[PDB]
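Down below is the structure, laid out as structure tokens.
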Amino acid sequence: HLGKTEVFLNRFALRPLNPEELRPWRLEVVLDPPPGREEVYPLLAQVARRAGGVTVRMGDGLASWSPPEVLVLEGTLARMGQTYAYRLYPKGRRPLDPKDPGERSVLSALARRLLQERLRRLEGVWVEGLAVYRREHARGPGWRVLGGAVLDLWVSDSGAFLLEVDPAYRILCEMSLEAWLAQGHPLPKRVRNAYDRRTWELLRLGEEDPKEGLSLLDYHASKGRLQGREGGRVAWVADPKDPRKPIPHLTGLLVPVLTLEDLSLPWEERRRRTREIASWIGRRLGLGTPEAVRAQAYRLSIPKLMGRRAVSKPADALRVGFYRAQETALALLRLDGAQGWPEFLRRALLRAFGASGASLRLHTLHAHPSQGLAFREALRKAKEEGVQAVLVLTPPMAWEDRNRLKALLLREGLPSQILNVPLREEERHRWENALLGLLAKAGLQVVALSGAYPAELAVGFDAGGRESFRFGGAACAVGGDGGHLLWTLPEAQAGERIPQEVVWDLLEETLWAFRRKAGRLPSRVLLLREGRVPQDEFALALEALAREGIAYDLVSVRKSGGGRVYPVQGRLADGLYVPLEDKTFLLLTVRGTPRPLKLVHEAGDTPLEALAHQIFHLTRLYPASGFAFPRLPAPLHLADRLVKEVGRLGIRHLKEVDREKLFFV
DNA sequence: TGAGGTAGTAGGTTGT
RNA sequence: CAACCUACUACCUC
Ligand SMILES: [Mg+2]
């Protein structure tokens, strides 16, 4: 429990809502064709937009801060694809209270609309959504870069206004598709139809004749889409989604959409540009003078991290020794021309295993994957002589090969860590992270936490995989007393939402893992989800925990939405806790401007401080980080990576991989 | 594939 | 319409 500190957030307080904004006008709606089922809301919101003025939806009909008489109370609209005649009917005004969150919800919405709408008419200003740009930063040959900020406006509990502000840049081009080539520019990886709004991943060009299943130049004009311009026919792109077959379209009806290559704010300058814009907006909108909102920060007890002895970053366990070594064999695979183990790597590993008192063996695989099945027999044999993981020296592999090889070894129970081939002793940070990764893949506890924490078990949950279906998975850190890191077999699912039965099952695996290292159940576990928790996702798992008499806390850990945190005076410390609302706090562990982790206590009865403590500390357990800690707790960072990697290479291989070998780092 | 991060550019899922 | 998440790319950092 370290020392206080005062900080201000990237929010500001503005003028109290006025007697007229506290009593919104109410209006019912009437659509014809009469509304559907789940089509009502995505549309009742779109009618607030069409109606005009500052109006947002409020129940079955919308609310408005503008009088009905200055609204388009009747008009026409088209939705999913139908002409819907509408008519707004007035039904008096109904006051709202900031204290009553349900209603304060609406005020904040009107407030967000007021924000845009007022911005919409500031001459000399581009409003792309709730974000605004008000300074040019640089230019080129039709390629201009706008400065500005993204912002939100909501209502406080004291019936006052709140404005969140954060600097941003924009990239904008003028020249058409072929008009961008008139500049001599290179092939924009992406583009977007002016006529439509679709973004095509431009593939290449072609001398192919336009007049030459469909007739290009001809049918293109059939939609009367030949007017306005034409230029060089050029590209025959492909749907970014189904990105194979070629579906060509005229390069007169595409607008070039530029990117980074085809400018980084120092926090000191961001805290400046933030206050500037804040003032500016309150001034230009009659919202008043911006009072920077400030909150109490807290410095958090630095973690005591333990190799064989105390250590400050995982890499140092390389010279001190490991929190827990064991007899370990490690094989080598060379996909370049060379034969033996680079001596400095040989030395480096001995020096570390010496220091630990544990015994090492350094095998070599004399085989190439080119051999086919005979190569798998080579693996079968090394795994037989007790190799636990392999290092692979190789020039940069391609994704498709890289995956195939990784997946191959895992089929023989062998985790692999690639180290790319042009390699020199001085590239020390490279190969030491490669070494840590190899040892983690071998099953070794590199470092752990000395300390006492509320929960002896910490499990992270994530879901992911590019494809049509996802995986839901869990990693975990066993025993408060440092950690033992484990992964569990993920399970395939339709969406991001992990199924309840599945959450509990993965959870139960973590529990059982704990039971088998300490002959007892854990008294309390710490549950970590990445991002918003899908409502009720942990329903069963929590009830199940209860009936087993295990204490719990669920925390939602978000990487986005933490906003910004600035020092009132001085420099900010690495480990800062910052309670916000109720049940929600930030955590900052940072040559740019940092993003705080936003954390939400979704369940359980534990001091936000206590949780922030563990969490921040788990940040240090990640064994392949090396010379830098991940922003997220080791057990969550792991679940994130495992789920990604089972995504990349499929679940069928992991049958025979020891759950203590972190193969995915 | 060494790894942590932020920052531009795309975009998908959950949810009322 | 919010709240999160993803992928590229470019930079930094050890
Ligand atoms: Mg790795």
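Since every read-out is calculated from the coordinates, none of them should be taken as a lab result. Every residue, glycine as well, gets a Cβ built from its backbone with ideal geometry; the counts of neighbours run over all protein chains shown.
Compute the signed sum of charges (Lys and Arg +1, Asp and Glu -1) over the other residues within less than 11 Å, Cβ to Cβ, of A:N403.
+1
Which value, in Å³ per residue, describes the convex hull spanned by the Cα atoms of region A:441-597?
Residue-normalised Cα hull volume stands at 168 Å³.
Taking all pairs of different Cα atoms in region A:229-290, averaging 1/r and flipping that mean, what Kirkwood radius in angstroms comes out?
16.5
At each listed q (0.13, 0.16, 0.19 Å⁻¹), what is the log10 of I(q)/I(0) that the Debye formula gives for region A:377-448 modelled as equal alpha-carbon point scatterers?
-0.42, -0.62, -0.85
Hey, any idea what the orientation-averaged projected area of the convex hull of region A:391-512's Cα atoms comes to, in nm²?
Mean projected area of the Cα convex hull: 9.9 nm².
Over region A:513-665, what number does the Rg to Rh ratio reach, with both radii from the alpha-carbon atoms and Rh per Kirkwood?
Rounded to two decimals, Rg/Rh equals 0.99.
Which value at 222 nm does chain A reach when only helices count, each DSSP H run of 4 or more adding -39,500 (n - 2.57), with the total divided by all residues and rounded to the nearest 500 deg cm²/dmol?
Using -39500 (n - 2.57) per qualifying helix, the result is -8000 deg cm²/dmol.
From the C-alpha gyration tensor of region A:10-86, pull out the three semi-axes of the equivalent ellipsoid (sqrt of 5λ each), sorted largest to smallest, in whole Å.
Equivalent-ellipsoid dimensions as semi-axes: 27, 14, 11 Å.
Using the structure shown, list the pairs from A:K245/A:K655; A:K313/A:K661; A:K381/A:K441; A:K304/A:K598 with a Cα-Cα distance above 26 Å, or answer none.
Over 26 Å apart, Cα to Cα: A:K245/A:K655.
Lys and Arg at +1, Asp and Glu at -1: add these up for the other residues within a Cβ distance under 12 Å of A:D536 and post the number.
Overall, the nearby charge balance is -2.
Take the alpha-carbon centre of region A:440-465, take the same for region A:334-363, and report the distance between them in whole Å.
26
Hey, can you rank A:633-641, A:378-386, A:143-151 by average C-beta count inside 10 Å, highest first?
A:633-641, A:143-151, A:378-386
Going by C-beta contacts inside 10 Å, put A:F353, A:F12, A:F469 in order with the fewest on the left.
Ascending Cβ contact count within 10 Å gives the list A:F469, A:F353, A:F12.
Taking 0.36 nm per intervening residue step and subtracting the Cα-Cα distance, what contour gain separates A:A398 from A:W512 on full extension?
That pair, A:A398 and A:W512, stretches by 37.2 nm at full extension.
At each listed q (0.23, 0.25, 0.30 Å⁻¹), what is the log10 of I(q)/I(0) that the Debye formula gives for region A:626-665 modelled as equal alpha-carbon point scatterers?
-0.82, -0.91, -1.12
Take every Cα pair under 8 Å in region A:19-94 that's 6+ residues apart, average their separations, divide by the length, and report that relative contact order as a whole percent.
That works out to 44 percent.
Kirkwood hydrodynamic radius (Cα pairs, Å) of region A:142-284?
Over region A:142-284, the inverse of the mean reciprocal pair distance is 18.4 Å.
Taking a quarter of the surface of the convex hull around the Cα atoms of region A:66-151, what do you get in nm²?
9.5
Summing +1 for each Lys or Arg and -1 for each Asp or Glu, what net charge is found among the other residues whose Cβ lies under 11 Å from the Cβ of A:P67?
Neighbourhood net charge equals -1.
Check each of the trypsin sites (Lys or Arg not before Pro) in region A:1-84 and keep only those in coil by DSSP with at most 13 other C-beta atoms within 10 angstrom; list them in order.
Counting only loop positions with at most 13 other Cβ atoms within 10 Å, the trypsin sites (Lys or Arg not before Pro) in region A:1-84 are A:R37.
Determine Rg/Rh for chain A; Rg is computed over alpha-carbon atoms and Rh is the Kirkwood hydrodynamic estimate from the same atoms.
Checking Rg against Rh, the ratio lands at 1.01.
As a test of understanding, state the convex hull volume per residue of region A:241-377 from its alpha carbons, in Å³.
357
Would you report the distance distribution of C-alpha pairs in region A:304-450 as whole percents per 5 angstrom bin, up to the bin with the largest distance?
Binned Cα distances yield the sequence 2, 9, 19, 23, 19, 14, 8, 4, 1, 0.
Roughly how large, in nm² to one decimal, is the mean projection of the convex hull of the alpha-carbon atoms in region A:276-331?
Hull-based average projected area comes out at 9.1 nm².
Based on the alpha carbons, how large is the Rg to Rh ratio for region A:176-258 when Rh follows Kirkwood?
Rg divided by Rh gives 0.93.
At q = 0.17, 0.19, 0.20 Å⁻¹, what is the base-10 log of I(q)/I(0) for region A:43-195 according to the Debye formula with one equal point scatterer per Cα and no solvent? Please give it to two decimals.
So the normalised log intensities are -1.07, -1.17, -1.22.
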